[PDB]
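In order, the protein sequences belong to chains E, U and D. In terms of PDB author numbering, the first sequence opens at residue 1 and continues consecutively. Just so we're aligned: the second sequence equals residues 1 to 66, 124 to 192, 197 to 309, 314 to 331, 333 to 367, 400 to 401, 403 to 413, 432 to 485, 487 to 496, 589 to 632 in PDB author numbering. In terms of PDB author numbering, the third sequence opens at residue 499 and continues consecutively. A short write-up of the structure that comes next.
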Amino acid sequence: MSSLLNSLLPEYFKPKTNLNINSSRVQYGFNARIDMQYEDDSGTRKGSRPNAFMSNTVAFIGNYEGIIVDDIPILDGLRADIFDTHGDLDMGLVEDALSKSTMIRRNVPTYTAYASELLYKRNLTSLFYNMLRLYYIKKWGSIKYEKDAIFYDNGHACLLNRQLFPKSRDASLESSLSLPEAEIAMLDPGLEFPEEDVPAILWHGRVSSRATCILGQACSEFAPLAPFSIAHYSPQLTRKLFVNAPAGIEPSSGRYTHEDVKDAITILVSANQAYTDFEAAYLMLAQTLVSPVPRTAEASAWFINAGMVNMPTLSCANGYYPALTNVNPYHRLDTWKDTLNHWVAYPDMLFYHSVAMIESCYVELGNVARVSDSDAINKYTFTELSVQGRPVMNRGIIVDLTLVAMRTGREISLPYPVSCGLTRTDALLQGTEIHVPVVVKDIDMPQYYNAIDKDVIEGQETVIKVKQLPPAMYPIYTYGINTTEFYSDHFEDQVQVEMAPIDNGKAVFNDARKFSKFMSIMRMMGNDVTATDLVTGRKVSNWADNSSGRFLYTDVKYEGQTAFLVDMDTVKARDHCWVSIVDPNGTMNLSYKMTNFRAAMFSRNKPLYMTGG
Amino acid sequence: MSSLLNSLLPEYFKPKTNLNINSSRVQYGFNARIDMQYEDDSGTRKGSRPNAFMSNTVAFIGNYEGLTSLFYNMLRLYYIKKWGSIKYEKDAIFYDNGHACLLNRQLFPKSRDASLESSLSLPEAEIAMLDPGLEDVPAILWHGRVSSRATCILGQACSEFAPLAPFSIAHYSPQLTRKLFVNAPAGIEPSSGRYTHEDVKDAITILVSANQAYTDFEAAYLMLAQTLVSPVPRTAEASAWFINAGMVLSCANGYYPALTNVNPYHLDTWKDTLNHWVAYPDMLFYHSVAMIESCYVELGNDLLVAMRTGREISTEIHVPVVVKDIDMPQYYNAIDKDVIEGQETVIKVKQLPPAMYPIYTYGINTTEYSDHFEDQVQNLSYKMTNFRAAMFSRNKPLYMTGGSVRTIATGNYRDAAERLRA
Amino acid sequence: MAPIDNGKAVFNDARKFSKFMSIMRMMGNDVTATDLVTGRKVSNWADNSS
């Protein structure tokens with residue numbers, strides 16, 4: 001659905017058609033003007049950063065694995081005459097329709113008997129999904145993946161691509177896949193009895209030399225070398241595929257450009273009258289196009305084990321019954337062609353729709369992981385109460401759309417309750433410890449991170465124990481539309497730290513809420529604060545990120561009693577465009593204001609500009 | 001966006017069509033009249049400055065690195138041919154106060170002496186014909206037969222730009238494409254080799270009309286307004302901006322011409339920017355000066404223009438310097454505290470000073487710059595009247611030629627009933 | 499003063515020069531001005547009583 005994914009984009013964001021991606025990493029964000037202020041008994045110290053960049057790093061890598069599952073049939077496309085008043089295939093009008101057609105008279109009785117099974121095999125979502133992936137593989141084919149590259153680095157802990165993805169050879173996206181071609185046979189109209197477990201599709205005129213090569217590779221096994229997101233592992237959809245084209249199928253060309261795949265899709269949707277099937281395939285790819293680079297080192301727990309993609313079995317019986325498809329189809333919603341028409345016009349807009357969906361999900365799974373099991377709407381039972389339909393199983397797109405509904409705070413409506421796509425909530429529902437690997441840089445690491453060893457020499461491969469999952473992304477596109485006090489994504493905010501002159505700079509934060517806001521605003525002002533917990537004896541640093549530049553409370557990496565000693569004569573000025581706290585006395589009052597917003601994107605440490613219409 | 005950048009010019013100034021630029025440096029300002037009145041404890045004194053010239057200096061020198126991208130290069134080819142007699146000398150002055158001096162050897166190493174036409178030697182990309190029947198190469202529509210001259214322009218527009226002299230409209234750009242299909246019913250002619258600046262206008266006007274790429278042109282027009290000219294710094298410290306080099314094609318109309326028909330989807335003022343350029347090409351110079359002034363003024367405190408006008412639009434740096442007088446270390450924050458006339462030293466810049474003073478945007482909104491018309495400083591009370599724009603080029607007056615610019619502009623509605631806000 | 503000036507201020511008026519130099523001494527700051535015409539120097543710390 002192009003419509004609901006379009007509304008997620010910000011108001012200030014004015015997108016153009018073409019986006020020239022030339023790398024496997026993009027820093028999308030915005031430039032804002034922050035007017036910071038520090039008030040005290042001595043006096044006020046004002047600062048102003050005219051261009052402050054808040055970013056979320058998004059990559060084209062992510063381990064996924066496809067499995068063939070059984071899903072509901074999509075009945076949109078068939079002629080409106082055969083349907084009854086309620087909206088189900090009234091068999092008796094089918095026998096009437098086949099009799100008054102251009103069919104062979106000896107086949108009518110034998111074909112009508114099979115109709116009861118074959119007419120309820122209508123799901124082309126798997127074919128459109130694979131054909132969409134072939135379009136983007138050939139378009140952005142020049143992107144590279146290096147084996148010994150930096151997946152994450154925060155100074156203390158480093159995580160390489162070798163650690164997360166073993167069995168991985170370095171290669172370009174174009175050179176990753178070597179797809180073998182499936183047989184595309186021509187359907188004989190004078191066949192005695194239809195062959196079930198072999199799908200037959202319709203076509204307009206002659207199947208071109210390039211269309212054979214595309215359909216051949218779409219219905220085949222994806223066995224990748226490099227762990228790319230649009231070239232993940234998928235099983236063999238089918239062995240043979242019939243095509244009811246009176247004009248003969250030309251033999252396989254071998255080569256094809258990305259423009260020839262658009263030609264193949266537009267003919268297939270038009271002939272078969274399968275627009276709702278395409279809408280399902282569009283939302284499936286929107287989830288699994290780009291995966292987020294983790295915000296913190298301990299936020300890599302989401303991407304350790306491979307999340308399963310639910311691809312519905314390829315099943316189509318239009319080739320055997322050409323009469324039942326015509327120019328007057330049955331459809332539920334009137335705006336049923338809108339998703340295809342949007343893709344044909346603006347193909348590259350899917351990148352913006354993809355980041356909008358994953359940013360909406362991973363933000364909400366951040367503040368869903370921080371609720372106790374003893375509650376009404378909790379970790380296990382947040383999907384059931386929200387869903388007001390009849391899906392086969394609460395997985396795939398249903399779990400991702402219900403998280404978007406919670407974020408925006410609106411009612412999302414689909415025509416068919418289809419349950420296909422990636423399932424994200426895997427590591428959450430397990431509710432166990434996850435062991436993420438890390439290579440150390442400094443020697444004073446295991447004070448900050450909950451490491452397995454207490455003394456570790458530099459260049460050693462260690463393990464961090466992550467219990468509660470921290471947020472993987474910070475809200476940027478959904479900034480101050482449905483604000484919560486956890487993220488604290490306000491335009492205006494203030495904090496009042498109360499100290500007396502008798503105290504020699506040392507302040508104890510009994511409250512957890514205002515400790516988070518103090519540590520966050522001090523980082524906007526470019527000050528490196530290092531607090532120490534009095535009960536446990538661990539340490540936390542506000543500089544635990546190089547993208548957003550905010551401090552979330554999950555950076556403590558421990559749930560206990562709140563007694564944070566901060567010494568305010570060890571505050572160090574780190575960044576440029578900063579206000580100085582030389583020597584405070586009395587009550588401190590910090591405050592900021594974000595005034596205007598301008599969309600900005602970065603790639604290879606250079607500006608990435610939007611071009612076209 | 002013509003109507004946006006046209007608004008930035010002052011209400012009194014209305015420039016003429018043509019402007020014969022014959023140098024790499026242009027002063028622009030106004031001749032105002034100041035009526036001062038002084039009062040203190042000793043007594044009162046009244047005077048009057050009859051003619052006072054307040055001006056900035058803007059140049060065609062700026063180190064930069066690289124269907125909107127195609128129109129961008131086609132526009133750059135137009136101005137290379139038109140103003141293709143501007144000389145860049147390597148051992149010339151960039152800034153000169155009296156104590157310090159910056160040469161063009163410094164700020165621009167890896168440069169030689171060349172004219173603007175002699176800077177680029179562009180190769181030609183293959184312009185092939187798309188035969189109808191074929192079932197990372199763009200295809201564009203065309204009206205009738207592709208002319209012998211039109212081939213050479215499209216060929217050079219797609220090719221790599223590799224300059225010798227640092228010029229603003231000849232900056233380094235990567236190769237757009239290798240091939241470019243043209244769905245022309247009549248076959249294309251082979252490339253001639255030579256073309257006039259007038260022939261590039263004919264190429265742009267046809268390419269936009271056929272493809273209906275009016276909004277793509279508007280993007281390229283604004284994109285060139287930033288690059289076209291660069292500021293000459295106000296003081297020696299304001300050279301810190303221009304040390305590090307600032308960083309600056315797909316179409317499927319040829320394949321599927323059914324998608325582009327007689328009823329296109331569009333603002334109702336979506337053909338104004340092209341209609342403005344095709345009528346008055348030399349007006350871009352004034353729009354460019356207006357834009358780069360607004361940006362570099364507000365950075366002292400791109401679409403910075405909103406912060407300037409106040410309307411809704413829809432590490433220490435090591436500057437290399439030359440010592441002219443022996444007493445230089447007293448004024449500038451120099452590394453070597455003892456110097457000799459001729460020595461090349463380096464000065465330190467921590468906070469970036471303003472590169473330009475408000476001239477066109479003088480008194481539209483006054484900050485405490488203190489660019490008032492009337493002000494009482496505490589006692590000095592002055593009044594500014596009788597503004598008249600004047601431009602100087604190569605220490606002589608540069609006069610505007612041609613006729614008076616008549617307004618072209620379309621209303622918010624043609625025959626549209628309801629404003630579907632969108 | 500403007501940011502273009504690197505701390506250096508010239509007092510054309512004699513009245514406000516006297517008030518600046520006096521209030522800076524209440525604040526406990528040792529200012530040393532130099533006359534541009536003659537080339538002599540004046541210090542605000544020229545008394546230990548008032």
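The C-beta atom is built at its ideal place from N, Cα and C for all residues, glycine as well.
Could you have a look at U/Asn272 and say whether DSSP puts it in helix, strand or coil?
Of the three classes helix, strand and coil, the one that applies to U/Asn272 here is helix, per DSSP.
Give me the DSSP bridge partner(s) of E/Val466.
For E/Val466, the beta-bridge partners assigned by DSSP are E/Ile434.
U/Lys454: first and last residue of the uninterrupted beta strand (DSSP E) it sits in:
Segment: none, U/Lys454 is in no beta strand (DSSP E) and carries neither H nor E.
Give me the chain E residues within the contact set of U/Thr276, using Cβ-Cβ distance strictly less than 8 Å, ordered along the chain.
At a C-beta separation below 8 Å, U/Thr276 has these neighbours in chain E: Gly613.
Check each residue of the stretch 448 to 478 of chain U: if its Cβ is closer than 8 Å to any Cβ of chain D, include it; give the result in chain order.
The stretch 448 to 478 of chain U vs chain D, Cβ under 8 Å: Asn450, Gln468, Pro470, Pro471.
Closer than 8 Å is the cut-off here; do at least three beta carbon pairs connect the stretch 197 to 215 of chain E with the stretch 34 to 44 of chain E?
No, the stretch 197 to 215 of chain E does not touch the stretch 34 to 44 of chain E.
Would a check of beta-carbon distances place U/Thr44 closer than 8 Å to chain D?
So, not an interface residue.
Apart from the five residues just before and just after E/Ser234, which ones in its own chain have a Cβ nearer than 6 Å to its Cβ?
The residues are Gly66, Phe222.
Where U/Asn341 sits in the DSSP three-state scheme
In the three-state reduction of the DSSP assignment, U/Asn341 falls in the helix class, which pools H, G and I.
What residues in its chain sit with their C-beta under 8 Å from that of U/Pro251, if we drop five residues either side in the sequence?
Taking C-beta separations shorter than 8 Å and ignoring five residues to either side along the sequence, the partners of U/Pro251 in its chain run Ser209, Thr212, following chain order.
Does the beta carbon of E/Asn18 come closer than 8 Å to any beta carbon on chain U?
Yes, E/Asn18 counts as interfacial toward chain U.
Got a sec, what are the start and stop residues for the alpha helix (DSSP H) U/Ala211 sits in?
Start and end: 209 to 219.
Residue closest to E/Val404, alpha-carbon to alpha-carbon, out of E/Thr313, E/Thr432, E/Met357, E/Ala299
For the residues E/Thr313, E/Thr432, E/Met357, E/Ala299, the minimum Cα distance to E/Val404 belongs to E/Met357.
Apply the 10 Å Cβ neighbour rule to U/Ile150 and answer buried if 16 or more other Cβ atoms are within range, or exposed otherwise.
Counting Cβ neighbours within 10 Å, U/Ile150 comes out exposed, since fewer than 16 surround it.
Say whether chain E places a C-beta atom closer than 8 Å to the C-beta of U/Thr125.
Taking Cβ atoms only, chain E reaches closer than 8 Å to U/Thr125, which makes this a yes.
Please report the straight-line C-alpha distance between E/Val438 and E/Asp555, rounded to a whole angstrom.
Their Cα atoms are separated by approximately 17 Å.
Could you tell me which residues DSSP pairs with E/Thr532 in its beta bridges?
Under DSSP, E/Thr532 takes part in a beta bridge, and its partners are E/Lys539, E/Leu565.
Tell me which same chain residues have a C-beta within less than 7 Å of the C-beta of E/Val387, skipping the five on either side of it?
Same-chain partners within the cutoff: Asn394, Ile398, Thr402.
Under 8 Å Cβ to Cβ from E/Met36, same chain only, skipping five residues before and after it: list those, please.
Non-local beta-carbon contacts of E/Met36 in its own chain, meaning distances under 8 Å to residues more than five positions away in sequence, involve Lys46, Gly47, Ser48, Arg49, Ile521, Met524, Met525, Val579, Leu590, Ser591, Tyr592 in chain order.
Within 8 Å of any Cβ in chain U, is that where the Cβ of D/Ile521 sits?
Interface flag for D/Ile521 against chain U is unset, since no Cβ pair is found closer than 8 Å.
Measure the C-alpha to C-alpha separation of U/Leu324 and E/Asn527 and round it to an integer number of angstroms.
Cα to Cα, the separation comes out at about 56 Å.
Cβ of U/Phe60 within 8 Å of Cβ of U/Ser229?
Here U/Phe60 is near U/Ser229, since their CB atoms are less than 8 Å apart.
Return helix, strand or coil for E/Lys606, following the three-state DSSP convention.
DSSP places E/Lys606 in strand when its eight states are reduced to three.
Residue-level contact to chain D via CB, U/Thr483, 8 Å cutoff:
Chain D, which has no Cβ nearer than 8 Å to the Cβ of U/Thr483, makes this no.
Could you check what DSSP says for U/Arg162 in three-state terms: helix, strand or coil?
Coil, per DSSP.
Inter-residue Cα distance where the pair is U/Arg133 and U/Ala218:
Computed Cα separation, rounded: 9 Å.
Taking C-alpha atoms, which residue in E/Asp400, E/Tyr256, E/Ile137 lies nearest to E/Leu4?
Shortest Cα-Cα distance from E/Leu4 to any of E/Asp400, E/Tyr256, E/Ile137 involves E/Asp400.
Step through the CB atoms of chain U and report whether any lies within less than 8 Å of the CB of E/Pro607.
Between E/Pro607 and chain U, the shortest Cβ-Cβ separation is below 8 Å.
Looking only at C-alpha atoms, which of U/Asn328, U/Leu19, U/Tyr275, U/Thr478 sits nearest to residue 376 of chain U?
Residue numbering in chain U jumps from 367 to 400; residue 376 of chain U, which lies between, is not modelled.
Residue from E/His86, E/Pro180, E/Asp148, E/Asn154 whose Cα sits closest to the Cα of E/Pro166:
Between E/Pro166 and the set E/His86, E/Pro180, E/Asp148, E/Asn154, the nearest pair of CA atoms involves E/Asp148.
Minimum C-alpha distance to U/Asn51 - residue among U/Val615, U/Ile304, U/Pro607, U/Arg598:
Its Cα nearest to that of U/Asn51, the residue U/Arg598 stands out among U/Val615, U/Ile304, U/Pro607, U/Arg598.
Output the distance between the C-alpha atoms of E/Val293 and E/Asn22, rounded to the nearest integer angstrom.
Near 18 Å, if we compare the C-alpha coordinates of E/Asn22 and E/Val293.
Chain U contact for E/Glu259 (CB, 8 Å cutoff)
Closer than 8 Å: yes.
I want to verify the contact list: residues of chain E whose CB lies under 7 Å from the CB of U/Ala317, in sequence order.
Here the neighbours are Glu259.
Which listed residue (E/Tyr558, E/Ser547, E/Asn546) has its alpha carbon closest to that of E/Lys539:
The shortest C-alpha separation from E/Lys539 is found at E/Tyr558.
Have a look at D/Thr530, D/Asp503, D/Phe518, D/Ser516 and flag the residue whose alpha-carbon is nearest the alpha-carbon of D/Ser541.
Considering only D/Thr530, D/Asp503, D/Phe518, D/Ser516, the residue with the shortest C-alpha distance to D/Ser541 is D/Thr530.
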